[PDB]
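Undergrad: data09.pdb (PDB, C-alpha atoms) pasted underneath:
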```
MODEL        1
ATOM      1  CA  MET Q   1       2.586  -8.299  -6.216  1.00  0.00           C
ATOM      2  CA  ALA Q   2       3.273  -9.203  -2.579  1.00  0.00           C
ATOM      3  CA  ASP Q   3       6.627  -7.382  -2.327  1.00  0.00           C
ATOM      4  CA  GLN Q   4       5.070  -3.937  -1.770  1.00  0.00           C
ATOM      5  CA  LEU Q   5       4.651  -4.509   1.984  1.00  0.00           C
ATOM      6  CA  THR Q   6       7.210  -4.525   4.806  1.00  0.00           C
ATOM      7  CA  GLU Q   7       8.556  -7.487   6.754  1.00  0.00           C
ATOM      8  CA  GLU Q   8       7.277  -6.144  10.083  1.00  0.00           C
ATOM      9  CA  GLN Q   9       3.759  -5.880   8.651  1.00  0.00           C
ATOM     10  CA  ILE Q  10       3.901  -9.497   7.455  1.00  0.00           C
ATOM     11  CA  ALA Q  11       5.171 -10.606  10.869  1.00  0.00           C
ATOM     12  CA  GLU Q  12       2.368  -8.746  12.658  1.00  0.00           C
ATOM     13  CA  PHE Q  13      -0.237 -10.212  10.295  1.00  0.00           C
ATOM     14  CA  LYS Q  14       1.157 -13.706  10.903  1.00  0.00           C
ATOM     15  CA  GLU Q  15       1.097 -13.193  14.676  1.00  0.00           C
ATOM     16  CA  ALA Q  16      -2.516 -11.994  14.516  1.00  0.00           C
ATOM     17  CA  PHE Q  17      -3.555 -14.872  12.239  1.00  0.00           C
ATOM     18  CA  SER Q  18      -1.930 -17.382  14.599  1.00  0.00           C
ATOM     19  CA  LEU Q  19      -3.268 -15.881  17.842  1.00  0.00           C
ATOM     20  CA  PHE Q  20      -6.815 -15.275  16.568  1.00  0.00           C
ATOM     21  CA  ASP Q  21      -7.751 -18.963  16.264  1.00  0.00           C
ATOM     22  CA  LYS Q  22      -6.470 -22.286  17.586  1.00  0.00           C
ATOM     23  CA  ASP Q  23      -2.979 -23.595  16.899  1.00  0.00           C
ATOM     24  CA  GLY Q  24      -2.099 -25.659  13.841  1.00  0.00           C
ATOM     25  CA  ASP Q  25      -4.585 -25.067  11.023  1.00  0.00           C
ATOM     26  CA  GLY Q  26      -5.485 -21.445  11.709  1.00  0.00           C
ATOM     27  CA  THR Q  27      -8.297 -21.268   9.169  1.00  0.00           C
ATOM     28  CA  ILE Q  28     -10.944 -18.624   9.871  1.00  0.00           C
ATOM     29  CA  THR Q  29     -14.527 -18.023   8.771  1.00  0.00           C
ATOM     30  CA  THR Q  30     -15.963 -14.955   7.041  1.00  0.00           C
ATOM     31  CA  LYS Q  31     -17.088 -13.371  10.313  1.00  0.00           C
ATOM     32  CA  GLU Q  32     -13.752 -14.390  11.831  1.00  0.00           C
ATOM     33  CA  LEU Q  33     -12.003 -12.825   8.826  1.00  0.00           C
ATOM     34  CA  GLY Q  34     -13.853  -9.556   9.383  1.00  0.00           C
ATOM     35  CA  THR Q  35     -13.075  -9.640  13.101  1.00  0.00           C
ATOM     36  CA  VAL Q  36      -9.372 -10.252  12.431  1.00  0.00           C
ATOM     37  CA  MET Q  37      -9.334  -7.424   9.879  1.00  0.00           C
ATOM     38  CA  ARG Q  38     -10.973  -5.062  12.377  1.00  0.00           C
ATOM     39  CA  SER Q  39      -8.524  -6.108  15.102  1.00  0.00           C
ATOM     40  CA  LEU Q  40      -5.466  -5.659  12.873  1.00  0.00           C
ATOM     41  CA  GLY Q  41      -6.577  -2.173  11.815  1.00  0.00           C
ATOM     42  CA  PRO Q  44     -14.056  -1.443   8.376  1.00  0.00           C
ATOM     43  CA  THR Q  45     -16.509  -1.469   5.454  1.00  0.00           C
ATOM     44  CA  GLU Q  46     -18.949  -4.196   4.444  1.00  0.00           C
ATOM     45  CA  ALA Q  47     -17.888  -3.891   0.794  1.00  0.00           C
ATOM     46  CA  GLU Q  48     -14.287  -4.803   1.635  1.00  0.00           C
ATOM     47  CA  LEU Q  49     -15.476  -7.795   3.671  1.00  0.00           C
ATOM     48  CA  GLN Q  50     -17.700  -8.952   0.803  1.00  0.00           C
ATOM     49  CA  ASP Q  51     -14.808  -8.588  -1.650  1.00  0.00           C
ATOM     50  CA  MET Q  52     -12.495 -10.564   0.643  1.00  0.00           C
ATOM     51  CA  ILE Q  53     -15.135 -13.284   1.021  1.00  0.00           C
ATOM     52  CA  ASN Q  54     -15.619 -13.461  -2.753  1.00  0.00           C
ATOM     53  CA  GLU Q  55     -11.857 -13.641  -3.342  1.00  0.00           C
ATOM     54  CA  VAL Q  56     -11.603 -16.574  -0.916  1.00  0.00           C
ATOM     55  CA  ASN Q  61     -16.765 -23.594   2.576  1.00  0.00           C
ATOM     56  CA  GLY Q  62     -16.233 -20.135   4.042  1.00  0.00           C
ATOM     57  CA  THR Q  63     -12.589 -20.709   4.994  1.00  0.00           C
ATOM     58  CA  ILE Q  64      -9.740 -18.190   4.757  1.00  0.00           C
ATOM     59  CA  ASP Q  65      -6.118 -19.318   5.017  1.00  0.00           C
ATOM     60  CA  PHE Q  66      -2.882 -17.333   5.266  1.00  0.00           C
ATOM     61  CA  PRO Q  67      -2.181 -16.330   1.618  1.00  0.00           C
ATOM     62  CA  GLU Q  68      -5.788 -15.270   0.967  1.00  0.00           C
ATOM     63  CA  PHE Q  69      -5.788 -12.967   3.999  1.00  0.00           C
ATOM     64  CA  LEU Q  70      -2.348 -11.663   3.007  1.00  0.00           C
ATOM     65  CA  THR Q  71      -3.375 -10.840  -0.567  1.00  0.00           C
ATOM     66  CA  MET Q  72      -6.621  -9.282   0.681  1.00  0.00           C
ATOM     67  CA  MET Q  73      -4.825  -7.056   3.204  1.00  0.00           C
ATOM     68  CA  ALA Q  74      -1.899  -6.133   0.931  1.00  0.00           C
ATOM     69  CA  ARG Q  75      -3.874  -3.647  -1.191  1.00  0.00           C
ATOM     70  CA  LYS Q  76      -4.754  -0.967   1.370  1.00  0.00           C
ATOM     71  CA  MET Q  77      -1.475  -1.501   3.231  1.00  0.00           C
ATOM     72  CA  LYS Q  78       0.609  -0.873   0.105  1.00  0.00           C
ATOM     73  CA  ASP Q  79      -1.585   2.098  -0.828  1.00  0.00           C
ATOM     74  CA  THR Q  80      -1.094   3.735   2.576  1.00  0.00           C
ATOM     75  CA  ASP Q  81       2.633   2.943   2.536  1.00  0.00           C
ATOM     76  CA  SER Q  82       3.062   4.499  -0.914  1.00  0.00           C
ATOM     77  CA  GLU Q  83       1.086   7.580   0.137  1.00  0.00           C
ATOM     78  CA  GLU Q  84       3.187   8.022   3.283  1.00  0.00           C
ATOM     79  CA  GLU Q  85       6.422   7.516   1.336  1.00  0.00           C
ATOM     80  CA  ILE Q  86       5.393  10.075  -1.296  1.00  0.00           C
ATOM     81  CA  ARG Q  87       4.478  12.551   1.448  1.00  0.00           C
ATOM     82  CA  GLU Q  88       7.796  12.032   3.252  1.00  0.00           C
ATOM     83  CA  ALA Q  89       9.733  12.410  -0.009  1.00  0.00           C
ATOM     84  CA  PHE Q  90       7.894  15.608  -0.952  1.00  0.00           C
ATOM     85  CA  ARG Q  91       8.398  17.035   2.546  1.00  0.00           C
ATOM     86  CA  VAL Q  92      12.187  16.601   2.289  1.00  0.00           C
ATOM     87  CA  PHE Q  93      14.746  18.263  -0.016  1.00  0.00           C
ATOM     88  CA  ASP Q  94      12.870  21.579  -0.125  1.00  0.00           C
ATOM     89  CA  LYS Q  95      14.239  23.747   2.683  1.00  0.00           C
ATOM     90  CA  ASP Q  96      11.218  26.064   2.472  1.00  0.00           C
ATOM     91  CA  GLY Q  97       8.695  23.289   3.096  1.00  0.00           C
ATOM     92  CA  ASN Q  98       5.793  25.320   1.702  1.00  0.00           C
ATOM     93  CA  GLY Q  99       4.940  22.533  -0.765  1.00  0.00           C
ATOM     94  CA  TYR Q 100       5.922  24.273  -4.018  1.00  0.00           C
ATOM     95  CA  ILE Q 101       9.134  24.530  -6.041  1.00  0.00           C
ATOM     96  CA  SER Q 102      10.416  26.489  -9.019  1.00  0.00           C
ATOM     97  CA  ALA Q 103      10.121  25.193 -12.571  1.00  0.00           C
ATOM     98  CA  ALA Q 104      13.872  25.428 -13.201  1.00  0.00           C
ATOM     99  CA  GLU Q 105      14.775  23.460 -10.066  1.00  0.00           C
ATOM    100  CA  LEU Q 106      12.153  20.808 -10.837  1.00  0.00           C
ATOM    101  CA  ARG Q 107      13.394  20.470 -14.423  1.00  0.00           C
ATOM    102  CA  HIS Q 108      16.994  20.171 -13.217  1.00  0.00           C
ATOM    103  CA  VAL Q 109      16.043  17.523 -10.646  1.00  0.00           C
ATOM    104  CA  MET Q 110      14.103  15.580 -13.284  1.00  0.00           C
ATOM    105  CA  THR Q 111      16.922  15.783 -15.841  1.00  0.00           C
ATOM    106  CA  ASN Q 112      20.060  15.251 -13.732  1.00  0.00           C
ATOM    107  CA  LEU Q 113      18.413  12.781 -11.329  1.00  0.00           C
ATOM    108  CA  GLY Q 114      15.810  10.037 -11.197  1.00  0.00           C
ATOM    109  CA  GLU Q 115      16.475   7.446 -13.896  1.00  0.00           C
ATOM    110  CA  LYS Q 116      17.095   7.575 -17.665  1.00  0.00           C
ATOM    111  CA  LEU Q 117      15.062  10.432 -19.162  1.00  0.00           C
ATOM    112  CA  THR Q 118      16.031  12.391 -22.262  1.00  0.00           C
ATOM    113  CA  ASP Q 119      15.927  16.177 -22.467  1.00  0.00           C
ATOM    114  CA  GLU Q 120      13.014  16.128 -24.924  1.00  0.00           C
ATOM    115  CA  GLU Q 121      10.995  13.820 -22.665  1.00  0.00           C
ATOM    116  CA  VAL Q 122      11.717  16.045 -19.657  1.00  0.00           C
ATOM    117  CA  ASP Q 123      10.634  19.127 -21.619  1.00  0.00           C
ATOM    118  CA  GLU Q 124       7.433  17.381 -22.724  1.00  0.00           C
ATOM    119  CA  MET Q 125       6.678  16.322 -19.143  1.00  0.00           C
ATOM    120  CA  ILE Q 126       7.290  19.874 -17.906  1.00  0.00           C
ATOM    121  CA  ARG Q 127       5.017  21.300 -20.609  1.00  0.00           C
ATOM    122  CA  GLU Q 128       2.269  18.775 -19.827  1.00  0.00           C
ATOM    123  CA  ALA Q 129       2.333  19.771 -16.144  1.00  0.00           C
ATOM    124  CA  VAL Q 137       4.500  23.810  -8.641  1.00  0.00           C
ATOM    125  CA  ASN Q 138       3.059  21.416  -6.069  1.00  0.00           C
ATOM    126  CA  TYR Q 139       5.048  18.196  -5.725  1.00  0.00           C
ATOM    127  CA  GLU Q 140       1.941  16.114  -4.994  1.00  0.00           C
ATOM    128  CA  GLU Q 141       0.076  17.568  -7.981  1.00  0.00           C
ATOM    129  CA  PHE Q 142       3.099  16.970 -10.220  1.00  0.00           C
ATOM    130  CA  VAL Q 143       3.366  13.357  -9.039  1.00  0.00           C
ATOM    131  CA  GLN Q 144      -0.362  12.834  -9.620  1.00  0.00           C
ATOM    132  CA  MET Q 145      -0.097  14.300 -13.126  1.00  0.00           C
ATOM    133  CA  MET Q 146       2.930  12.135 -13.935  1.00  0.00           C
ATOM    134  CA  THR Q 147       1.222   8.984 -12.643  1.00  0.00           C
ATOM    135  CA  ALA Q 148      -2.039   9.707 -14.517  1.00  0.00           C
TER     136      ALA Q 148
ENDMDL
END
```
Could you show the structure in this file as structure tokens?
TA:
Amino acid sequence: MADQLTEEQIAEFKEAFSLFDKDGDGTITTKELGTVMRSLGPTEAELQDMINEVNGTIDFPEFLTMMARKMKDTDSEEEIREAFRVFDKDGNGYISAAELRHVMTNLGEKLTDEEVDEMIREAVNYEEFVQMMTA
């Protein structure tokens, strides 16, 4: 989906897409697409994938849906890191099993006690626990 990004990121991408080429129809070529991607924030495989997903013209929604992937990935990684860095006053990166089980049972969403016990048995480090839960 396109709702994983932030409004400021969309505004910056729109400003770059408008200022990169002439006014009005701001369509760009493949080389222009790569240049705009390098200016906004570079591998040849990503450029080839963006060209294949898009003759040789790239409009606004194509560039948006090509850029959204890595942006949302980095945003999710940063959010997970910031969430794992909080709460724990020690900050060492590990927590007790009892505290983790209590946080998973009495907080989060709607998880039964049996499901929480199964998740605890299937699994400490917060990042490793999140990676094991995501699978």
Undergrad: Rank Q:54, Q:45, Q:144, Q:35 by their smallest atom-to-atom distance to residue 86 in chain Q, using all atoms listed in the file, and report the top residue only.
TA: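 Using all atoms listed in the file, the shortest distance to residue 86 in chain Q belongs to Q:144.
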Undergrad: Care to translate the PyMOL selection byres ((chain Q and resi 100-102) around 7) into actual residues of this file, as a ChimeraX atom specification?
TA: /Q:98-99,103-106,137-139
Undergrad: On this structure, the PyMOL selection byres ((chain Q and resi 74) around 12) would catch which residues? List them as a PyMOL selection string, sorted by chain and number.
TA: chain Q and resi 1-6+9-10+13+37+52+67-73+75-82
Undergrad: How would the residues just picked look written out with C-alpha atoms as a tab-separated table (two decimals), keeping the file's coordinate frame?
TA:
```tsv
chain	number	residue	atom	x	y	z
Q	1	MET	CA	2.59	-8.30	-6.22
Q	2	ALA	CA	3.27	-9.20	-2.58
Q	3	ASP	CA	6.63	-7.38	-2.33
Q	4	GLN	CA	5.07	-3.94	-1.77
Q	5	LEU	CA	4.65	-4.51	1.98
Q	6	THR	CA	7.21	-4.53	4.81
Q	9	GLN	CA	3.76	-5.88	8.65
Q	10	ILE	CA	3.90	-9.50	7.46
Q	13	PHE	CA	-0.24	-10.21	10.30
Q	37	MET	CA	-9.33	-7.42	9.88
Q	52	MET	CA	-12.50	-10.56	0.64
Q	67	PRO	CA	-2.18	-16.33	1.62
Q	68	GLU	CA	-5.79	-15.27	0.97
Q	69	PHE	CA	-5.79	-12.97	4.00
Q	70	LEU	CA	-2.35	-11.66	3.01
Q	71	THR	CA	-3.38	-10.84	-0.57
Q	72	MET	CA	-6.62	-9.28	0.68
Q	73	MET	CA	-4.82	-7.06	3.20
Q	75	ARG	CA	-3.87	-3.65	-1.19
Q	76	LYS	CA	-4.75	-0.97	1.37
Q	77	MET	CA	-1.48	-1.50	3.23
Q	78	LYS	CA	0.61	-0.87	0.10
Q	79	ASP	CA	-1.58	2.10	-0.83
Q	80	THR	CA	-1.09	3.74	2.58
Q	81	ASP	CA	2.63	2.94	2.54
Q	82	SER	CA	3.06	4.50	-0.91
```
Undergrad: So how many Å separate CA of residue 39 in chain Q and CA of residue 20 in chain Q, to one decimal?
TA: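 CA of residue 39 in chain Q sits 9.4 Å away from CA of residue 20 in chain Q.
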Undergrad: Which one is closest to residue 36 in chain Q: Q:112, Q:120, Q:21, Q:7? Count only C-alpha atoms.
TA: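 Nearest to residue 36 in chain Q: Q:21.
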Undergrad: Quote the spacing between CA of residue 147 in chain Q and CA of residue 115 in chain Q in Å to one decimal place.
TA: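 Going from CA of residue 147 in chain Q over to CA of residue 115 in chain Q, I get 15.4 Å.
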Undergrad: Considering all atoms listed in the file, state which residue in the set Q:32, Q:123, Q:46, Q:84 is at the smallest distance from residue 64 in chain Q.
TA: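 Of Q:32, Q:123, Q:46, Q:84, the one nearest residue 64 in chain Q is Q:32, counting all atoms listed in the file.
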Undergrad: From the list Q:25, Q:111, Q:121, Q:85, which residue is nearest residue 63 in chain Q when using all atoms listed in the file?
TA: Q:25
Undergrad: Nearest to residue 146 in chain Q among Q:22, Q:127, Q:87, Q:108, with distances taken over all atoms listed in the file: which residue is it?
TA: Q:127
Undergrad: Separation of CA of residue 23 in chain Q and CA of residue 8 in chain Q, in Å?
TA: 21.4 Å
Undergrad: Assuming 8 Å of padding per side, give the centre and edge lengths of the axis-aligned box around every listed atom of range 35-48 of chain Q, in Å to one decimal and as lines of an AutoDock Vina configuration file.
TA:
```
center_x = -12.2
center_y = -5.8
center_z = 7.9
size_x = 29.5
size_y = 24.8
size_z = 30.3
```
Undergrad: Ranking Q:113, Q:31, Q:40, Q:141 by minimum distance to residue 16 in chain Q and counting all atoms listed in the file, which one comes first?
TA: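 Of Q:113, Q:31, Q:40, Q:141, the one nearest residue 16 in chain Q is Q:40, counting all atoms listed in the file.
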Undergrad: Around (-11.1, -17.8, 7.8), as given in the file, which residues come within 7 Å? Count only C-alpha atoms and list them as a list in words.
TA: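 Those within range, by chain then number, are residues 27, 28, 29, 30, 32, 33, 62, 63, 64 and 65 of chain Q.
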